[PDB]
Visitor: 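So that we are looking at the same thing, I have put the structure below in C-alpha cells.
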Amino acid sequence: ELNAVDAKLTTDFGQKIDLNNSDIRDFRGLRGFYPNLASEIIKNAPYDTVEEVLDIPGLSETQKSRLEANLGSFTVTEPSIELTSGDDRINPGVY
Amino acid sequence: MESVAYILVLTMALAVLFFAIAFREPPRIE
Amino acid sequence: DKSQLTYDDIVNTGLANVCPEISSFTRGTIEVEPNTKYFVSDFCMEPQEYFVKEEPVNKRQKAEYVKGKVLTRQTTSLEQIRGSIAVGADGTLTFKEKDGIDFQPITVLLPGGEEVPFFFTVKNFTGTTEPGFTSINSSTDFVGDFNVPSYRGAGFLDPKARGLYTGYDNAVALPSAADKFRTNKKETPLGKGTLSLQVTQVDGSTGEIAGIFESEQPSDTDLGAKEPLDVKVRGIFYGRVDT
Amino acid sequence: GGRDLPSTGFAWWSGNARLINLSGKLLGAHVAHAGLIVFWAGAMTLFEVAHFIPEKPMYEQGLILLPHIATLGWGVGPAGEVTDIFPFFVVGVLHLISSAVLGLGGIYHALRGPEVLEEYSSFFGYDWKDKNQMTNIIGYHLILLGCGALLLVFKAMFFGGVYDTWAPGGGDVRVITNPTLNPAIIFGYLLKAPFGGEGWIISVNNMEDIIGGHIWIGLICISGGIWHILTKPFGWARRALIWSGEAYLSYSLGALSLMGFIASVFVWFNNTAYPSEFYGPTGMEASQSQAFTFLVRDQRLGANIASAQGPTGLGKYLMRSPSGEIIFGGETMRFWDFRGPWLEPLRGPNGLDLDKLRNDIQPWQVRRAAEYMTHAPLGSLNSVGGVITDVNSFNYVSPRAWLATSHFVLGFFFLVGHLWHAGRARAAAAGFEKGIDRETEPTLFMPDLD
Amino acid sequence: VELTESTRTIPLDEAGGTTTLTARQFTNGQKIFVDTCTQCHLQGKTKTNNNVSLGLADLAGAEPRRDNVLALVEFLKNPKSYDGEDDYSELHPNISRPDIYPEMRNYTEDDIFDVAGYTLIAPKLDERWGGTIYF
Amino acid sequence: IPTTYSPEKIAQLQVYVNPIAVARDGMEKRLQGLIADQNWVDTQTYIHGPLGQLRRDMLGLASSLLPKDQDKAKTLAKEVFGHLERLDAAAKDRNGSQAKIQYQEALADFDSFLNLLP
Amino acid sequence: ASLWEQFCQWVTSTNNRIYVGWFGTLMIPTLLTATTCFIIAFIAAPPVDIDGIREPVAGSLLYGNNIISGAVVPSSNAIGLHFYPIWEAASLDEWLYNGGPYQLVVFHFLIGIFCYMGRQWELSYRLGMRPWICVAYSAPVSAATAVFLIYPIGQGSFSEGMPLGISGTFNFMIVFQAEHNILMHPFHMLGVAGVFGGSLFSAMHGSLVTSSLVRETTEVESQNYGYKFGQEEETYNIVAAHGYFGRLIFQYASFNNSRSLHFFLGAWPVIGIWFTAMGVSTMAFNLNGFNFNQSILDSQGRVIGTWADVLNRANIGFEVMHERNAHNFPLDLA
Ligand code: CLA
Ligand code: CLA
Ligand code: CLA
Ligand code: CLA
Ligand code: CLA
Ligand SMILES: CC1=C(/C=C/C(C)=C/C=C/C(C)=C/C=C/C=C(C)/C=C/C=C(C)/C=C/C2=C(C)CCCC2(C)C)C(C)(C)CCC1
Ligand SMILES: CC1=C(/C=C/C(C)=C/C=C/C(C)=C/C=C/C=C(C)/C=C/C=C(C)/C=C/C2=C(C)CCCC2(C)C)C(C)(C)CCC1
Ligand SMILES: CCCCCCCCCCCCO[C@@H]1O[C@H](CO)[C@@H](O[C@H]2O[C@H](CO)[C@@H](O)[C@H](O)[C@H]2O)[C@H](O)[C@H]1O
Ligand code: OEX
Ligand SMILES: [Ca+2]
Ligand SMILES: [Cl-]
Ligand SMILES: [Cl-]
C-alpha cells in the first residue's frame with residue numbers, strides 16, 4: 001500500500017503547487033513569490049479553495065496582482081500532516 | 001542461540017591463550 | 001532558584017532543565033476581567049515522574065502503570081513557551097499554547113528492558129477550567145487536549161532507508177521478497193494527549209503562576225511499526241501571566 | 001675535536017652526537033640554529049607581508065605570523081581590519097637582521113671559537129655532571145623567560161594593549177587595565193578537566209585572564225630562576241634523575257612534545273588568544289555558524305524555529321544539551337560548549353534565548369556566521385576549500401588547520417625523540433648502550449622463567 | 001572544441017541584446033569568481049541558501065530576471081531578495097558598501113562586468129552548475 | 001580640505017551615522033532600563049550585540065569626516081569605548097553604581113561625539 | 001630491608017614470569033578494566049545512541065549481532081568530548097544508552113598501551129638491553145591514539161572514534177574516506193608503503209633465512225630442530241643469502257651486514273605506520289587528502305574526468321548516505 005505522500009503525488013499535488021502542502025522552494029518558478037509572498041501563503045495556510053489565497057490580510061496591490069497573474073498554477077488538497085509537521089514546508093531537508 | 005556458539009569460540013581462543021602462556025614448553029638452554 | 005545566575009554559573013549543572021520556582025509562598029491571586037485575554041510569557045514544564053501503561057497478555061486484567069527511568073539525560077523540560085489565557089463570558093479560563101520549546105523526545109526504560117521513546121509535548125494545548133472563575137488561584141485547573149505529532153518525522157529513514165516522503169518503499173536487501181513487509185509503508189499520524197495543569201502557587205506582585213501537571217499521551221510507533229503505549233507524565237510547571 | 005667516526009665512534013648521520021662533550025662547538029650549533037629560527041620568522045613575515053591583501057581576511061591568505069602580530073595589537077583596529085602594513089614589516093625586518101647577527105655568532109663558535117669552554121672560563125664552561133652549573137643555566141633561562149612573559153604583560157598593559165575579540169563594540173585593540181591577580185582563577189584553570197565544557201587551560205576566555213596568568217608565569221619563572229641559581233639539586237632529584245647531556249635533551253624533548261600537543265589543541269579550540277578575525281573560525285565556530293545561519297534563514301521564511309521538530313524528533317534548530325542548556329540542533333549539538341563574540345549576545349542564563357533569537361539578531365552577526373560557516377577549517381592538502389567532495393574552485397585551508405596539524409605532528413615526533421633519547425640516556429649511563437657484553441650477559445645469570 | 005564566440009555570447013539585457021565576452025574578460029571573470037565568489041558559490045550552488053543558486057533557471061526566476069549581464073551587475077551594486085522586495089545591501093557582498101565588504105572595494109566596473117559574464121558562461125560548461133550542495 | 005560640510009560629504013556621512021543614530025537611540029531606550037533593573041545578562045548582551053558594531057562604525061565615521069575633525073572624533077569614540085569596557089566590567093562584577101556612572105560617562109562622551117558631527 | 005624497598009624489588013624483578021615494573025603497576029589495572037568492560041559490553045551491552053539522535057545502534061551479541069557485526073559502540077554525539085564516567089550518569093542504564101562503556105574501555109586501554117610502551121622500555125633497561133623496542137611499538141600506539149583519541153578531539157566528539165568491532169571499523173574507514181579522502185592522502189600512501197613493504201621484507205627476510213639454513217637435520221624431521229635455543233653459532237649462511245639476493249637484483253642492492261638489514265626491517269614499517277598515524281591525526285583537523293576534482297578542463301572549459309573524479313563520485317555516494325538521519329543542514333562541517 002502507498003504511504004501518504006505517494007497517495008498525494010497520485011493527486012494534483014504532483015502536477016502543480018499546492019497551497020496547503022507544497023514547500024516554499026516550489027514557489028520559485030513563480031516570479032516575485034520567493035521568499036516573501038510564498039512565506040505569507042505558507043503562514044496563512046490552510047485554504048478551502050484557491051481563491052481565498054487572494055483574501056490574505058497584508059496583501060498589497062503588487063502581491064494581489066502577482067497572485068492573480070498566476071492563479072492557474074495553484075491547487076488545494078487536504079492539508080497533510082506528513083508534509084507540515086516541524087515546518088517541513090519551509091525546510092524539508094532539501095538544499 | 002548463535003550467541004552461545006560465538007561465546008564458545010571466543011572462550012576457546014582465550015583459553016588457548018592462557019594455556020599457551022601459563023603452560024608453555026619452557027625454553028631451556030642446552 | 002536562579003534569578004541572577006549567569007549562564008556560566010548554570011552550565012553543566014543540570015539547573016537549566018529545572019523550571020524556575022516562586023521565591024516564597026506568597027499565596028495570592030491574579031484578578032481577572034470578565035472577557036479579556038492575557039499573555040503567558042515563559043511557560044515552563046519540568047517532567048518528574050514517568051509511567052507507561054502495561055499491555056498484559058490477557059485482555060481483561062487491569063492494565064496498570066509502571067514507572068520508567070529516563071535513559072536520556074537532563075534534556076526533559078519545556079521552556080520559553082509563549083501562550084495566552086482567555087477568560088470566558090461565563091467565567092471559564094482558557095489557557096492556549098502558542099509557541100516555544102514545547103516538545104522533547106524522551107526515552108524511558110521499563111523493567112524488562114523495554115525502552116519506550118515518546119514525544120513529550122504541550123503543542124497546541126487548549127485547556128479550560130470550571131466556569132465561574134474571577135481569579136487565577138490555587139483552585140485554577142486547566143484540563144484540555146494537546147497534539148502529539150509523530151516522534152519520527154516523515155523525513156526519517158529506518159536502518160533499511162525506508163521513510164515516508166524519502167527512502168525506499170520496499171525491502172531492497174531481499175529483492176525477490178521486497179514487498180512482503182508491512183513495515184515498507186510508513187505513516188506519521190497525529191495523536192492526542194490530555195493535559196491537566198493544576199495551579200497551586202500564584203504570585204500577585206509579579207504575575208507568576210506555578211503548580212503541578214499530569215499529562216497522558218501516546219508513545220512512539222516508529223513510523224507506524226508498533227502500537228503506541230500510553231505514557232503518563234507527572235511534573236511541575238511555572239509561567240508568567242502578563243497582567 | 002673528532003670530526004670522523006674512527007675518532008668519535010659516531011657515524012655521519014649521528015654526527016652532531018660528536019658535539020656532546022665539545023661545549024664551544026655545541027654553543028655554536030645552538031646559536032646557529034637559533035639564528036635559523038629568527039631567520040624563518042623574519043623571512044616568512046616578509047613573505048606574508050609581500051603576499052598580503054590587507055582588505056582580505058588574513059585567514060584567507062595562508063598567513064600564520066601576521067595573525068600573531070595582529071593578536072598583540074599591531075597594525076589592526078576594530079574587527080581585525082589592518083590599518084597599517086608597517087608594524088608587520090618592522091617585526092620581519094628586525095628578526096631578519098638579528099638572524100644575520102645570530103648566524104655569524106653561531107658560525108664563529110662552531111668553526112673558530114674554543115672547542116671546549118671549560119679551559120677559558122668557569123662561568124660559561126659547563127660539565128654535564130656539574131649539577132650546579134646546569135641549574136645556573138636553567139636559572140638564567142628561567143629569568144629571561146619570566147622577563148618575556150612580563151614583556152607580553154607590558155605590551156598588553158602599557159604599550160597599546162592587545163586584540164580583545166570579546167571587547168564591547170566588537171573586538172579591538174584594547175589596553176588591559178585590570179588583569180586578574182587572583183590565584184584561585186589562574187591556578188584553577190590548571191585544575192579544570194581536559195574534556196568537553198571544561199577544556200583545562202584551552203578554555204581561557206578573556207584577555208584579562210591571559211594577562212594575569214602571564215604576570216603569574218613571569219613571577220613564577222623569575223622566582224624559579226633565582227631558585228635554581230641559589231640552590232643545588234636535592235637528594236631526591238639526584239636519586240631519581242639521569243644526569244647527562246642526552247638525558248637533559250630528552251627531558252626537554254618530553255616537555256616540547258607536551259607543548260606542541262597543547263599548542264595544537266590551543267589553536268584548534270581557543271578563539272580568545274587565537275582570534276577568529278585573524279585565524280578564522282574554529283571547527284566548532286563554523287558548525288555553530290551553519291546552524292545559526294539556517295536558523296536565521298528559516299526564521300525569515302516564517303518557520304517557528306523553537307517548535308520545529310526534525311526528522312529524528314529532536315529540534316531542527318534548537319535542542320537541549322545533556323545538562324539542559326538550549327543549544328543549536330543537528331550534529332553541532334556536540335559543539336554546544338562553543339563560545340564566540342557573535343553568539344554570546346544571543347545567549348541567556350539558560351542557553352540560547354528565544355526572545356533574543358526572535359528580535360535581537362543584527363545583520364553583522366548574520367554576515368559573520370555566513371563567513372565563518374563558509375570558512376570552516378576543512379580543506380585538501382592541495383588547499384581546496386570545503387568538504388573533500390567539493391570540486392576545485394575554492395583555494396582555502398584555515399590557518400587553524402595548518403597550525404594544529406603541524407604542531408600535532410611535531411609534538412608526536414618529539415615524543416618519539418623523548419623516548420629515543422630517554423632510553424639511550426638510561427642505557428648509556430648504565431653502560432649497555434652499545435650492546436650486550438658476551439661474558440657478562442645479564443640474562444645468562446638469571447633463573448629460568450619456568 | 002575551443003572557447004568559441006558562441007560560448008562567450010550571452011544576453012546583455014532583457015530586450016534581446018547580447019554581448020560577447022573576450023577571452024581575457026572571461027579569464028578575469030573566472031579569476032574574480034575563484035577569488036571572491038566561490039567560498040559560497042562553488043560550482044554554482046549557494047551553501048548559505050541553495051534555494052537561490054547561480055543556476056540559469058534560478059537566475060531566470062528572479063524578479064527581475066538575472067540571466068543577463070546588466071541584471072547581475074545591478075545585483076552586484078544593489079543586491080535584493082529573490083522577489084526583488086527586500087534590501088540585501090547589508091547581507092550580500094556588493095560594491096556600494098565598502099564599509100562592510102572590503103574584499104570588493106578594489107573591483108572596478110569592468111571587473112563586475114567580467115564576473116557577471118563568467119556567471120553566465122559557466123552554467124553551459126558544467127551540467128552540475130546550480131544543483132544540490134552534494135550533487 | 002573642505003572646511004565645511006560638502007553636499008556630497010553629508011550624504012557620504014549618512015551611511016555611517018544611521019547605525020550611530022540607531023545605537024544612540026537604543027542606548028537611551030534599552031540600556032538604561034537594563035542597568036536600572038539589574039539585568040546584567042541583558043546589559044552585557046546589549047553592549048556586545050546591537051552595540052557590537054559601534055567601534056567599526058564610529059571609526060569609519062571619524063575617518064570619513066572632515067580633514068580637520070578626525071582626531072577629536074577619534075578620541076571621543078575611544079572614550080566611549082573605554083566607558084563601555086568599564087560598564088562591561090561592572091556588569092560582570094554586578095556593580096550597579098559603577099555601571100550607572102559608566103553609562104552616564106558613555107552618554108556624555110557620545111553626546112560630545114554627536115555635537116562634533118556637522 | 002624496608003617494606004617499601006622489598007616491594008620495589010618485587011615490582012622491578014626480572015624473575016617475575018610476567019614482568020610488572022612501575023609502568024606495569026598502571027598497565028595491569030587499566031588493561032584488566034578495559035578488557036573486562038569490553039568483554040561484558042561486546043556480549044551484553046544494550047543499544048547505544050551513537051549519533052545523539054535517539055537512534056540506538058545494537059552493538060552486542062545478545063542483541064542480534066554476530067562476531068563480525070558486533071561492536072562496543074562509540075559514546076553519544078550529544079556527549080561530544082565531555083568526560084562521561086559512570087558516576088556522571090543518573091543510572092547505569094542511562095550510561096549504557098549514551099555509550100559510557102566505550103569511553104571507559106578506550107580511556108583505560110589508551111593508558112594501558114602507553115604503559116605497555118613504558119614497560120617495554122623498563123624491561124629492556126632491567127635486562128641490560130638497548131632500549132628502542134618501545135620506539136617501534138610507538139607506531140601502533142600512535143595509530144591507536146589517532147583513531148580512538150586524536151580523531152575524536154579534532155572532530156569534537158568521541159562518537160567519531162573508531163568503534164570497537166569489525167564492521168564498526170569498516171564503517172569508520174568508509175566514512176573517513178567519504179569525508180577526508182584518506183586514499184589520496186600521501187601519509188596513508190606512506191602507511192600502505194609501510195605495511196606492503198613490511199610484509200614484503202618480512203617475506204624476503206624469512207625466505208632468505210629459510211633458504212640459507214645450514215644442514216643440521218635429516219630429511220625426515222623438521223628443519224627447525226637444526227636450531228638449538230641459546231646456541232652460539234649462526235643457524236644460516238648470510239653470505240649465501242647475500243650472494244643469492246645480489247644476483248637476484250644486483251650486488252649493491254643486497255645487505256651483507258645483518259645489523260643494517262635488521263635496522264631497515266625495523267625502520268620501514270615503523271616509519272610508514274608513524275606517517276599514517278599522523279595522516280589520520282591531521283585529518284582530525286580536516287587537513288584532507290588531495291582534491292583533484294575537476295582539475296582537468298578542456299579549452300572550452302568543460303570538465304574532463306580522471307580517476308580522481310570517479311573516486312569522488314564514490315566518495316559522494318558514501319557521504320550522502322552516512323549518518324542518514326543526523327544531518328539537518330547542507331554542509332557536513334564536522
Ligand atoms: C641546524 C643544523 C646544524 C648545525 C647548526 C650543525 C653544526 C655543527 N655540526 Mg652538524 N649536521 C647536521 C646539521 C647541523 N650541524 C645535519 C642535518 C647532519 C647530517 C648530514 C650533520 C652532521 C654532522 C657531522 C658528521 C659533523 C657535524 C659537526 C658540526 C659542528 C662543526 C661543523 C664543522 O666543523 O665543519 C665545517 C663545515 C664547513 C666549513 C662547510 C661550510 C658550511 C657553512 C658553515 C655553511 C653555513 C654558512 C652560511 C651560508 C653563512 C651565513 C653567515 C652570515 C654571513 C649570514 C657544528 C657545531 C661536526 C662535529 O661534530 O664537530 C666536532 C661533524 O663531525 N654535523
Ligand atoms: C647564547 C649565546 C651565546 C653565549 C652563551 C656566548 C658565549 C661566549 N662568547 Mg659569543 N657570540 C654570540 C652568542 C653567544 N656567545 C653571538 C650571537 C655573536 C655574534 C655577535 C657572538 C660572537 C662572539 C665573539 C666574536 C666572541 C664571543 C666569545 C664568547 C665567550 C666569552 C664572552 C664573554 O664572556 O665576554 C663578556 C660578556 C659581556 C661583556 C656581556 C655583554 C652583553 C652582550 C654582548 C650584549 C647583550 C645581548 C643582547 C643585546 C641582549 C638580549 C639578546 C637578544 C637576542 C634578545 C663566551 C663563552 C669570545 C670568545 O670566543 O671567547 C674566547 C669572542 O671573542 N662571541
Ligand atoms: C623550565 C624550568 C625549570 C627546570 C628545567 C627545573 C628543573 C628542576 N627543578 Mg625547578 N622550578 C621551576 C622551574 C624549573 N625547574 C620554577 C619556575 C619553580 C618555582 C615554582 C621551580 C621550583 C623548584 C623546587 C622547589 C625544586 C625544583 C627542583 C628541580 C630539579 C628536579 C625536579 C624534578 O625532579 O622534576 C619532577 C617532579 C616530581 C617527580 C614531583 C611530582 C610532580 C608531579 C608528577 C607533577 C604533575 C604534573 C602533571 C603530570 C601535569 C599536569 C599539569 C598541572 C596539573 C600540574 C630540576 C633540575 C627540585 C630541586 O632539585 O631543587 C633544586 C626542587 O625541590 N624546582
Ligand atoms: C609551523 C609550521 C608551519 C605551518 C603551520 C605553515 C603553514 C603554511 N604555510 Mg609555511 N613554511 C614553514 C612552516 C609552516 N608553514 C617553514 C619551516 C618554511 C620554510 C621552508 C615555510 C615556507 C612557506 C612558503 C614559501 C609558503 C608557505 C605557505 C603556508 C600556507 C600554506 C601551506 C601549503 O599548502 O603548503 C603544502 C604542504 C606541504 C608541502 C606538506 C609537507 C609535509 C611535511 C614535509 C611533513 C614533514 C614530515 C616529518 C616532520 C619529517 C620527519 C619525520 C621522520 C621521523 C620520518 C600555510 C598557512 C604558503 C603561503 O600560503 O604563504 C602565504 C607559501 O607559499 N610556507
Ligand atoms: C632539538 C631536539 C633534538 C636534538 C638536539 C637531538 C640530537 C641528537 N639526536 Mg635526536 N631525535 C629528536 C630530537 C633531537 N635530537 C626527535 C624529535 C626524534 C624523533 C624523530 C629524534 C630521533 C633520533 C634518532 C633515531 C637518533 C637521534 C640521534 C641524535 C644525535 C645525533 C643526530 C645527528 O647527527 O643529526 C643528523 C641529521 C640527519 C642525519 C638528517 C635528518 C633528516 C630527517 C631524517 C628528515 C628531515 C625532515 C625535516 C622535517 C625536513 C623535511 C625535508 C623534506 C622536505 C625533504 C644528537 C645528539 C642519534 C643518536 O641517538 O645519537 C646519540 C640517532 O640515532 N635522534
Ligand atoms: C654550523 C654548520 C652548519 C650551519 C650553519 C647555519 C645554521 C647557519 C646560519 C646562518 C644564518 C642564521 C644566517 C643568516 C642571514 C641573514 C641575512 C644575511 C640577512 C639580511 C638582510 C638583509 C640584506 C635584508 C634585506 C632586506 C631588508 C632590509 C628588508 C626588505 C627586504 C630585504 C630582504 C631586501 C651546517 C648545517 C651548514 C653544517 C656545517 C656547520
Ligand atoms: C599564562 C596563562 C595562564 C597560566 C598558566 C600557568 C600559571 C601555568 C602553569 C603551569 C605549571 C606550574 C606546570 C607544570 C608542570 C609539571 C610537569 C609537566 C611535571 C612533571 C613531571 C615529571 C617530569 C616528573 C617525572 C618523574 C616522575 C613521574 C616520578 C619519578 C621522577 C620523574 C622525574 C621520572 C592561564 C592558563 C591561567 C591563562 C592563559 C595564559
Ligand atoms: C559474569 C560477569 C557479568 C556478566 C554481565 C552482567 C550480566 C548481564 C548479562 C546477563 C545475561 C543476559 O541477561 C539478559 O539478557 C537479555 C537477553 O538479551 C537482555 O534482554 C534484552 O534483550 C531482549 C532481546 O534481545 C529484550 O527482551 C530486551 O530488549 C532486553 O530485555 C537483558 O537485558 C539481560 O538482563
Ligand atoms: O558523526 Mn560520525 O561523520 Ca564526522 O563528518 Mn559530520 O559528524 Mn557525523 O556526519 Mn559526516
Ligand atoms: Ca572571501
Ligand atoms: Cl547538521
Ligand atoms: Cl553510517
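Just so it is clear: chains get the letters A, B, ... in the order the sequence lines come, proteins before strands, and each one is counted from 1. Ligands are counted one by one from 1 in listed order, and the atoms in each one are counted from 1 as well.
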Visitor: List every atom of ligand 6 that sits less than 4.0 Å from any heavy atom of D/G35, numbering the atoms from 1 in the order shown and giving each element.
Guide: 12 (C)
Visitor: Can you confirm whether some protein heavy atom lies under 4.0 Å from atom 54 (C) of ligand 5, or whether none does?
Guide: no
Visitor: Contact between D/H418 and ligand 5, counting heavy atoms under 4.0 Å?
Guide: no
Visitor: Out of all atoms in ligand 6, which are within 4.0 Å of some heavy atom of D/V93? Include the element for each.
Guide: 29 (C)
Visitor: Centre-to-centre under 6.0 Å for D/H68 and D/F88, is that the case here?
Guide: no
Visitor: Check whether any side-chain heavy atom of D/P179 lies under 4.5 Å from a side-chain heavy atom of D/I215, and answer yes or no.
Guide: yes
Visitor: Would you mind listing which atoms of ligand 5 come within a distance below 4.0 Å of any non-hydrogen atom of D/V416?
Guide: 19 (C)
Visitor: Tell me whether the centres of the aromatic rings in D/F266 and D/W268 are closer together than 6.0 Å.
Guide: no
Visitor: Are any of the heavy atoms in D/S99 under 4.0 Å away from ligand 6?
Guide: yes
Visitor: I'd like the contact residues of ligand 7, where contact means a heavy atom below 4.0 Å.
Guide: D/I186, D/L190, D/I201, D/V204, D/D209, D/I210, D/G213, D/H214, D/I217, D/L241
Visitor: Yes or no, since that's all I need: does a protein heavy atom fall within a distance strictly under 4.0 Å of atom 48 (C) of ligand 5?
Guide: no
Visitor: Note the single closest protein heavy atom to atom 30 (C) of ligand 5, along with its residue, its atom name and the distance in Å.
Guide: D/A17 CB, 3.9 Å
Visitor: Does D/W200 use its side chain to pair, donor to acceptor, with the backbone of D/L190 at less than 3.5 Å?
Guide: yes
Visitor: Please work out which of D/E433, D/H33, D/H30, D/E246 has its closest non-hydrogen atom nearest to atom 62 (C) of ligand 5.
Guide: D/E246
Visitor: Look up atom 19 (C) of ligand 5 and tell me if a protein heavy atom lies less than 4.0 Å from it?
Guide: yes
Visitor: Determine yes or no for a side-chain-to-main-chain donor-acceptor pair under 3.5 angstrom, with D/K155 supplying the side chain and D/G161 the backbone.
Guide: yes
Visitor: Between D/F154 and D/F158, how do the two ring planes meet: parallel, tilted or perpendicular, split at 30° and 60°?
Guide: tilted
Visitor: Is atom 24 (C) of ligand 5 less than 4.0 angstrom from some protein heavy atom?
Guide: yes
Visitor: Are any of the protein's heavy atoms under 4.0 angstrom from atom 27 (C) of ligand 5, yes or no?
Guide: yes
Visitor: Strictly distance-based, threshold 3.5 Å: is any side-chain N or O of G/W132 a donor or acceptor partner for the main-chain N or O of D/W420?
Guide: yes
Visitor: To the closest 0.5 Å, what do you measure between CD (D/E208) and CE (D/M157)?
Guide: 10.5 Å
Visitor: Taking all non-hydrogen atoms of both residues into account, name the closest pair between D/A422 and D/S250 and its distance.
Guide: N-CB, 3.3 Å
Visitor: Does anything in residues 242-251 of chain D pair up under salt bridge (charged side-chain N to carboxylate O under 4.0 Å, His left out), and if so which pairs, sequence neighbours excluded?
Guide: D/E246-D/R424
Visitor: Is a side-chain donor or acceptor of D/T405 paired with a backbone partner of D/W402 at a separation under 3.5 angstrom?
Guide: yes
Visitor: Would you verify that at least one protein heavy atom lies under 4.0 Å from atom 2 (C) of ligand 5, or report that none does?
Guide: yes
Visitor: Under a 4.0 angstrom heavy-atom cut-off, which atoms of ligand 6 come close to D/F39?
Guide: 14 (C), 15 (C), 16 (C)
Visitor: Does some non-hydrogen atom of the protein lie less than 4.0 angstrom from atom 5 (C) of ligand 5?
Guide: yes
Visitor: Tell me which one of D/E198, D/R339, D/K192 satisfies side-chain hydrogen bond (donor to acceptor under 3.5 Å, both in side chains) with D/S203.
Guide: D/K192
Visitor: Going by side chain to side chain contact (heavy atoms under 4.5 Å, CB included), name the residues that satisfy it together with D/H109, two or more places apart in sequence or in a different chain.
Guide: D/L27
Visitor: List the closest protein heavy-atom neighbour of atom 58 (C) of ligand 5: residue, atom name, distance to the nearest 0.1 Å.
Guide: D/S14 OG, 3.3 Å
Visitor: Using non-hydrogen atoms of the residue, decide whether D/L36 is closer than 4.0 angstrom to ligand 6.
Guide: yes
Visitor: To check you understand the geometry: which heavy-atom pair defines the closest contact between G/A277 and G/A143, and what is its length?
Guide: CB-N, 3.6 Å
Visitor: Nearest protein heavy-atom contact for atom 35 (O) of ligand 5: which residue, which atom, what distance?
Guide: D/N16 ND2, 3.3 Å
Visitor: Protein heavy atom under 4.0 angstrom of atom 41 (C) of ligand 5, is there one?
Guide: no
Visitor: Given the ring of D/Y108, does D/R112 sit roughly above its face, with NZ or CZ under 6.0 Å from the centre of the six-membered ring and within 45° of the axis?
Guide: no
Visitor: Could D/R426 and G/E122 be called an ion pair, given the rule that one side-chain N must be under 4.0 Å from one carboxylate O?
Guide: no
Visitor: Around atom 17 (C) of ligand 5, find the nearest protein heavy atom and jot down its residue, atom name and distance.
Guide: D/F413 O, 3.2 Å
Visitor: So if I count the atoms of ligand 6 from 1 in the order they appear, which ones are less than 4.0 Å from some heavy atom of D/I97?
Guide: 21 (C)
Visitor: Would you indicate which of G/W132, D/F10, D/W13 comes nearest to atom 33 (C) of ligand 5 when only heavy atoms are counted?
Guide: D/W13
Visitor: Listing residue and atom name, which protein N/O/S atoms are closer to atom 10 (Mg) of ligand 5 than 2.8 Å?
Guide: D/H421 NE2
Visitor: Ring-plane angle category for D/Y251 and D/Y248, please: parallel below 30°, perpendicular beyond 60°, tilted otherwise.
Guide: tilted
Visitor: Donor-acceptor check, side chain of D/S264 to backbone of D/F261, threshold 3.5 angstrom: yes or no?
Guide: yes
Visitor: Walk me through whether D/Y274 and D/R400 qualify under side-chain hydrogen bond (donor to acceptor under 3.5 Å, both in side chains).
Guide: CA-CA 9 Å; D/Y274 293 89; D/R400 288 183 195 275; over 6 Å; no
Visitor: Which of the numbered atoms in ligand 5 are below 4.0 angstrom from a heavy atom of D/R424?
Guide: 60 (O), 62 (C)
Visitor: Specify whether G/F255 and G/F264 have parallel, tilted or perpendicular ring planes, treating 30° as the upper limit for parallel and 60° as the lower limit for perpendicular.
Guide: tilted
Visitor: Between atom CD1 of D/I69 and atom CH2 of D/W74, what is the distance when rounded to the nearest 0.5 Å?
Guide: 8.5 Å
